[PDB]
Number of protein chains: 4
Amino acid sequence: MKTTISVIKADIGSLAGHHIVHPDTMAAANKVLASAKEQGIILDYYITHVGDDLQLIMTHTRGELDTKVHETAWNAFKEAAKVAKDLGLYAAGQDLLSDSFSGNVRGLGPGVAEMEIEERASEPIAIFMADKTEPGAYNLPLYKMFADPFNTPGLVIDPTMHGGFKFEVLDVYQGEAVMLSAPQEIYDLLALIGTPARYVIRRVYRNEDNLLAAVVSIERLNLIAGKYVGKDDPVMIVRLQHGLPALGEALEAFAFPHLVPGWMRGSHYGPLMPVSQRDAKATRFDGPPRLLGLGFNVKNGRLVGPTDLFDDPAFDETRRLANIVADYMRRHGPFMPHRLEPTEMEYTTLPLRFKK
Amino acid sequence: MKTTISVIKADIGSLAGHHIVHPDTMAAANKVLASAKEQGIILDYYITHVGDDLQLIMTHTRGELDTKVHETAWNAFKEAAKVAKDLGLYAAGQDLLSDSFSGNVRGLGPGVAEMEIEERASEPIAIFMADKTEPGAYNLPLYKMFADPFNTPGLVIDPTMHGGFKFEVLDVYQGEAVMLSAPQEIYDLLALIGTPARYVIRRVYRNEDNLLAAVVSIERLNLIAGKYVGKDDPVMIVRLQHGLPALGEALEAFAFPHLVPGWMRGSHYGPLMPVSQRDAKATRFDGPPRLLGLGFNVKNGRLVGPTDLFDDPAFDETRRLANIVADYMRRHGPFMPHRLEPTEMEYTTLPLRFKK
Amino acid sequence: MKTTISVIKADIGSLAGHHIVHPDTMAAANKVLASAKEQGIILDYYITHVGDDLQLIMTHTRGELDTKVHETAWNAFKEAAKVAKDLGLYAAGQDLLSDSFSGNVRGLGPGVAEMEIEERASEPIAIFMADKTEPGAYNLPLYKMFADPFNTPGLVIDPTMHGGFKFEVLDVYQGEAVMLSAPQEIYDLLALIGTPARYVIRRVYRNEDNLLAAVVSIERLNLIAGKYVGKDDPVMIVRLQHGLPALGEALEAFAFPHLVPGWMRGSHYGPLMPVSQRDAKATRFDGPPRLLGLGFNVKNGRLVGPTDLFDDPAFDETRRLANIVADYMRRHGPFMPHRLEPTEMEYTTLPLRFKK
Amino acid sequence: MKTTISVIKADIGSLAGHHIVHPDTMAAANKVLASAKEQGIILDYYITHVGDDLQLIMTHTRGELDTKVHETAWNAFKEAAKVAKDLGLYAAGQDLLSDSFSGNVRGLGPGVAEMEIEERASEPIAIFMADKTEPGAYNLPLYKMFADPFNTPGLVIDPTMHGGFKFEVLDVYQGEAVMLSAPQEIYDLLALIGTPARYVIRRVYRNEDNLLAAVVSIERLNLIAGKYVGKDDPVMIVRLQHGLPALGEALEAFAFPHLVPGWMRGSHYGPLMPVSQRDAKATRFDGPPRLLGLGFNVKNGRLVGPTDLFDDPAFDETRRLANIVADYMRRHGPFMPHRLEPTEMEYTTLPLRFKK
Ligand SMILES: [Mg+2]
Ligand SMILES: [Mg+2]
Ligand SMILES: [Mg+2]
Ligand SMILES: [Mg+2]
Ligand SMILES: [Mg+2]
Ligand SMILES: [Mg+2]
Ligand SMILES: [Mg+2]
Ligand SMILES: [Mg+2]
Ligand SMILES: [Mg+2]
Ligand SMILES: [Mg+2]
Ligand SMILES: [Mg+2]
Ligand SMILES: [Mg+2]
């Protein structure tokens with residue numbers, strides 16, 4: 001008997017630009033999930049947003065890629081999008097690329113990260129949700145959490161973690177994945193994941209017992225649509241403690257606001273800014289990219305929490321540095337490396353008299 | 001069938017100096033607009049303030065310079081001023097220069113920015129309202145939003161924007177306007193708008209289709225009254241997205257807190273400080289100048305929102321820099337260039353034994 | 001009768017790594033140029049280095065791409081490389097890719113920027129030489145100097161400059177060039193030069209009279225060798241004053257230390273640090289990239305000067321920001337966008353178990 | 001036929017406290033080494049100091065632990081100490097613990113780092129010499145240089161380095177050493193070297209070919225004398241380039257001024273401050289600890305150089321941070337963790353009424 005934690009998210013429109021989810025659209029999604037919970041389809045849920053991305057966090061006993069859970073999410077998004085359209089919100093139904101649902105949401109526009117697990121003696125988790133970036137934004141943090149002993153001293157001091165972790169790395173262009181184990185294969189790992197537009201960490205497992213420790217949403221709108229229609233805006237679930245990274249080691253991996261692709265027009269690098277729920281909205285230059293972190297405990301399918309992780313003074317300098325770096329990046333205007341590299345600009349309209 | 005967005009504002013008195021609009025005066029204005037909405041004169045409205053300037057944001061179907069909409073605003077201001085006088089507020093009825101109303105508010109004291117438009121597939125807008133400065137304070141930001149590719153990379157990457165924008169520049173001293181198109185005429189444009197006391201951007205249009213993209217209030221109290229009676233305190237409406245600047249590009253143009261004329265006694269340059277609604281009040285040296293930004297979507301004449309745009313951590317360094325610059329400017333005392341140039345001081349009382 | 005200014009440079013080996021040119025190698029080059037000057041091949045010269053790149057600045061009356069001037073430079077490099085080898089310097093003869101010389105140095109390894117001009121009533125110039133980067137590093141500065149009215153207010157105020165400048169942009173991958181004129185074609189210009197690895201500004205001309213105003217070295221070692229053998233380390237000559245940018249406008253364009261490609265192992269972005277002659281050496285992470293600027297007047301083929309342009313307190317904050325940004329970039333380790341994009345890594349050894 | 005690089009150092013007394021080597025004592029050492037060079041005992045040498053430690057850098061063909069080379073160093077120290085005593089310098093002959101020499105300097109007081117090598121196609125090296133700390137101060141930097149891919153991206157991108165490096169770790173308390181290979185054994189490595197007073201990296205080798213890449217002096221005065229008589233003040237030689245860390249990767253490892261044990265009275269942690277030769281002297285609180293870095297090329301036993309590595313603006317923020325951290329540490333007074341842990345204080349006089 002297992003519990004599945006599913007985070008399914010989508011942009012269904014937003015106020016004043018790609019800025020923030022309107023509360024009336026969340027209330028519409030809530031009605032759908034409330035009904036699903038009453039019917040016993042799901043055991044519990046929490047709805048929120050980061051920027052213009054509406055987040056459905058659900059626990060249930062129906063496994064990964066469950067048609068009914070995914071269809072419940074789809075319906076919640078559709079009801080939210082209808083309210084968005086009635087309110088004349090910008091980009092109403094943005095990420096709902098298909099007219100209809102079948103099978104599951106993957107390839108329809110919504111992003112999904114989910115894990116079916118056996119709840120541990122206690123089951124603390126952190127869920128990270130980002131706006132204005134793509135799934136590869138989690139590569140550097142996951143490398144740090146699970147492989148870098150300067151981030152996660154448990155790797156050095158905690159006998160249960162000494163055996164290390166392995167990474168399922170997806171080549172999103174070719175649709176093939178490889179497993180690489182730390183610390184033995186870290187140089188090979190970094191040779192790949194250092195290119196986050198192509199090679200994305202999708203899951204992480206503990207080596208000793210193959211315990212599933214983290215999952216990342218790997219939907220990429222560029223690759224689904226064949227052109228730029230928005231930033232993917234990814235989510236990740238990380239299990240904590242008991243020989244997995246401590247909450248503090250997971251958070252340590254976000255204390256440095258690294259440059260991630262996306263931001264204005266899906267065409268720029270900007271610093272990932274960890275923020276409180278109230279600050280999870282896109283402003284200057286349609287960002288900077290925003291990261292919301294929520295901590296929960298899962299108990300018999302119940303979601304206890306959330307606690308808003310980055311809403312705390314220990315991240316005030318991280319936010320200040322993100323602001324300073326955003327200004328520095330912006331002084332580059334439309335030049336690389338503030339503007340994206342050509343292989344990723346090729347999905348924008350940029351492509352649209354030379355003499356020998 | 002078109003929707004008109006009208007922002008009409010006026011100083012009708014304030015608490016403790018030129019500091020803040022008193023809530024009882026807003027409640028008085030509200031009664032008038034509530035009645036107008038009930039009667040179907042206007043479709044929706046939002047009332048707020050920036051500093052000592054009371055803001056009436058109205059949507060309706062009666063066009064630009066409509067006598068009845070303007071008279072509704074005038075009456076709301078008069079009721080607010082009566083409450084101000086009953087409360088013994090400072091400068092009760094300040095900007096109500098005429099004893100009576102006729103035609104429209106222009107030349108009577110209140111400022112107005114309005115645009116009659118066809119609502120787009122969605123109609124996101126930003127409305128900017130400033131205290132302690134004059135309309136030319138928007139020249140540099142509008143130049144950046146609509147012409148500078150280091151601000152608005154859509155000009156470079158977005159095929160719909162590549163054709164550029166044109167600017168209606170008003171010579172406010174001579175009462176004549178010229179149209180200049182970017183990027184071809186940017187050097188000529190800057191030769192004018194670099195003198196913001198004289199040449200003010202009044203409207204901006206997209207070149208390809210002549211779509212009206214922005215409007216600025218161009219009432220100038222100095223020029224209406226023939227002497228200094230206050231700072232004009234201007235407003236601007238900017239349409240967003242769909243081949244116009246993104247919300248983030250409009251906000252990028254205010255990320256640098258530039259020096260603007262006004263501040264204490266209408267006689268100084270100080271940095272434009274973008275602020276939240278709660279911080280939209282004038283304090284040190286009767287400023288620094290304050291900028292409030294509200295995002296809305298317009299839907300069949302309904303105002304959805306507002307979202308308070310600058311109330312966000314991405315502008316915390318902008319505010320800090322404004323504070324540092326304010327202190328630096330203030331160490332100049334009554335010397336140029338902190339004090340205004342003679343041609344603009346001539347409207348103050350400054351003019352009021354030399355030997356060959 | 002014209003004067004040609006030729007800057008020909010090459011890495012012929014360095015002390016302790018890719019750090020600094022050894023003085024004995026400069027003395028060897030000097031002997032060759034001293035002889036050439038005595039023979040009347042060249043009229044004057046100045047020898048220096050930036051980092052590990054030995055710089056030959058020569059004036060003569062023999063035109064661009066002169067075989068004898070280029071062969072003189074080649075011989076000076078060969079004598080310098082022989083001393084480097086005798087001293088056991090690192091990478092002795094690094095940029096001397098050919099065993100022998102023919103025609104000119106282009107394609108043999110050395111970089112060259114040269115302009116044949118008619119000396120003006122006075123002929124002030126600035127010569128910029130960079131280590132640990134590539135020619136496209138000058139794209140943003142040249143755009144600013146010659147097209148951006150926020151950099152070069154002469155474009156707005158100086159009637160002789162109002163007509164603007166045009167840019168010869170080389171597609172270095174395809175070996176074709178296009179001319180684009182500012183301000184009319186700036187959005188098209190930026191769409192190209194924003195990708196500096198591919199599209200490089202090679203020359204700039206004044207529109208009114210087609211006066212040649214600047215030239216950049218466009219040798220790219222990657223493209224010459226078919227693999228990474230070093231950073232190109234480019235040079236540029238800019239003519240000043242008399243309706244061309246003032247010295248101060250040229251220097252303004254380097255006051256922002258932008259991110260440029262190169263740095264460690266030719267595989268990273270780092271900030272361009274303008275430095276004095278004494279600080280023109282590569283240290284932390286084999287950089288940051290260094291920029292030396294020398295001002296001269298040219299008088300009947302005589303080089304009057306140099307003055308060391310960035311050795312001045314007005315660039316102390318530029319250097320401090322470069323240091324702060326270098327640290328921030330370095331915390332990214334081997335991840336983009338600190339590490340280069342894949343299309344440019346493909347020249348490194350990086351290219352050297354996936355399941356569906 | 002091999003070349004040996006030997007760095008042998010000792011404190012023979014200093015001016016005004018433990019502050020700086022007096023030049024007359026260096027001139028005395030010079031006479032001895034000049035004679036040794038004339039006799040052909042050594043091929044070349046360079047004499048300098050860091051703080052109160054007199055440094056003899058010698059190249060020769062006599063191998064590691066050569067009695068005659070060590071006796072030459074001993075004699076140079078004795079002549080320098082005689083001058084120190086004649087000048088009434090503080091702590092004249094400090095590190096000369098034995099009255100007489102036999103075999104080699106190890107265990108007599110002087111520190112030694114030496115490597116017998118086959119000179120590579122070119123042989124660039126960096127020599128690091130520190131005052132006011134102990135050999136374990138190099139553990140974190142050597143880990144970074146040779147194992148951390150966020151420091152040395154060659155580990156990821158350079159096929160010649162992908163196989164990694166191994167570390168000879170000396171347990172200085174038990175006098176036994178272990179070899180640990182990166183990246184496979186990094187967690188075990190860090191579990192040891194994270195305690196730098198006990199486990200010290202002594203040598204580093206490349207895994208592929210067992211090439212000797214670095215050596216550290218492991219003399220520890222506490223353990224030689226059985227009590228505190230000074231800080232060991234260690235030296236290290238690092239070979240560079242050609243599939244070993246680049247100069248810039250070696251320097252990157254010192255860009256963070258980490259806390260190291262020693263400083264005042266051998267009893268405190270303070271930040272390691274990389275400095276120029278002119279700044280290599282101990283001041284505030286008898287520090288902070290100082291690090292001098294000299295780059296050379298070795299050519300047929302000749303020392304070409306030095307270049308003063310940290311005398312460069314790229315380390316100005318490193319020095320500023322060291323100053324800020326020194327002040328912060330100092331506000332702790334005699335409390336851990338500014339004061340050393342008890343197991344290391346036990347060598348001081350600290351050890352020299354409790355009721356149940
Ligand atoms: Mg959106
Ligand atoms: Mg989003
Ligand atoms: Mg998105
Ligand atoms: Mg007032
Ligand atoms: Mg006001
Ligand atoms: Mg006013
Ligand atoms: Mg080199
Ligand atoms: Mg170079
Ligand atoms: Mg080079
Ligand atoms: Mg001493
Ligand atoms: Mg010492
Ligand atoms: Mg000592």
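Each chain gets a letter, A, B and so on, in the order the sequences are listed, and its residues count up from 1.
Of all the heavy atoms in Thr348(C) and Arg265(C), the pair that sits closest is CG2-O, 4.3 Å.
Separation of atoms CE (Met264(C)) and NZ (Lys132(C)) is listed at 9.0 Å; rounding is to 0.5 Å. Between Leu211(C) atom CG and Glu118(C) atom CD the span is 9.0 Å, to the nearest 0.5 Å.
Taking a 6.0 Å sphere around CD of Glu176(C), one finds it holds more than 12 heavy atoms contributed by other residues, nucleotides or ligands.
By the salt bridge (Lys or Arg N to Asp or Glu O under 4.0 Å) test, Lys78(C) is found to be paired with no residue, residues two or more places apart in sequence or in another chain being considered. Considering only residues two or more places apart in sequence or on other chains, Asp209(C) meets the side chain to side chain donor-acceptor pair (under 3.5 Å) condition with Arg206(C). With sequence neighbours excluded, the residues forming a salt bridge (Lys or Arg N to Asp or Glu O under 4.0 Å) with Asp316(C) are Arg319(C), listed by chain and number. The salt bridge (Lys or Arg N to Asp or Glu O under 4.0 Å) check on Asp11(C) picks up nothing, with sequence neighbours excluded. In terms of the side chain to side chain donor-acceptor pair (under 3.5 Å) criterion, residue partners of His60(C) (sequence neighbours excluded) are, by chain and number, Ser6(C). Partners of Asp188(C) under the salt bridge (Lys or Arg N to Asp or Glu O under 4.0 Å) rule, at least two apart in sequence or in another chain, do not exist in this structure. Residues passing the side-chain contact (heavy atoms from CB on, under 4.5 Å) test with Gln39(C), sequence neighbours excluded: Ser35(C), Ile41(C). In this structure, the side-chain contact (heavy atoms from CB on, under 4.5 Å) partners of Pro183(B), at least two apart in sequence or on a different chain, are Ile186(C), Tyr187(C). Residues that satisfy the side chain to side chain donor-acceptor pair (under 3.5 Å) test with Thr160(C), not counting sequence neighbours, are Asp158(C). Applying the side chain to side chain donor-acceptor pair (under 3.5 Å) rule to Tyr90(C) yields the partners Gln241(D); only residues at least two apart in sequence or on another chain are considered.
Note on ring orientation: taking the six-membered ring where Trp is involved, the planes of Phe285(C) and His268(C) are perpendicular (angle over 60°, cut-offs 30° and 60°).
You'll find the side chain of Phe77(C) reaches within 4.5 Å of the side chain of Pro110(C), heavy atoms only. When side chains are defined from C-beta on, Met273(C) does not count as touching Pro257(C), because their heavy atoms never get closer than 4.5 Å. Residues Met236(C) and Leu142(C) form a side-chain contact, since some pair of their non-hydrogen atoms from C-beta on lies under 4.5 Å apart. In this structure, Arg302(C) and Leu43(C) have side chains that are not in contact, with every pair of non-hydrogen atoms separated by 4.5 Å or more. Using a 4.5 Å heavy-atom cutoff, the side chains of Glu219(C) and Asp232(C) are not in contact.
Sorted by first and then second residue, the pairs that involve residues 92-112 of chain C and meet side-chain hydrogen bond (donor to acceptor under 3.5 Å, both in side chains), not counting sequence neighbours, are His18(C)-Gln94(C). Within the structure, salt bridge (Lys or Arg N to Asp or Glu O under 4.0 Å) pairs that include any residue of residues 233-262 of chain C comprise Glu123(C)-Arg239(C) (at least two apart or interchain).
In this structure, the ring of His332(A) has its center less than 6.0 angstrom from the ring center of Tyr328(A). Taking the six-membered ring wherever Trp is involved, the centroid distance between the rings of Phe146(C) and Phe165(C) falls below 6.0 Å. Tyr173(C) has its ring centre no less than 6.0 Å from the ring centre of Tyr199(C). For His70(C) and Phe101(C), the ring centers sit 6.0 Å or farther from each other.
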Between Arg62(C) and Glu71(C), is a salt bridge (charged side-chain N to carboxylate O under 4.0 Å, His left out) present by the stated rule, with each step listed? CA-CA 13 Å; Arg62(C) 304 173 54 79; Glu71(C) 186 158 11; over 6 Å; no

Step by step, work out the ring pair (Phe, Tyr, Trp, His ring centres under 6.0 Å) result for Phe150(B) and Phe150(C). CA-CA 11 Å; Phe150(B) 273 64; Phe150(C) 273 64; 9.9 Å; no

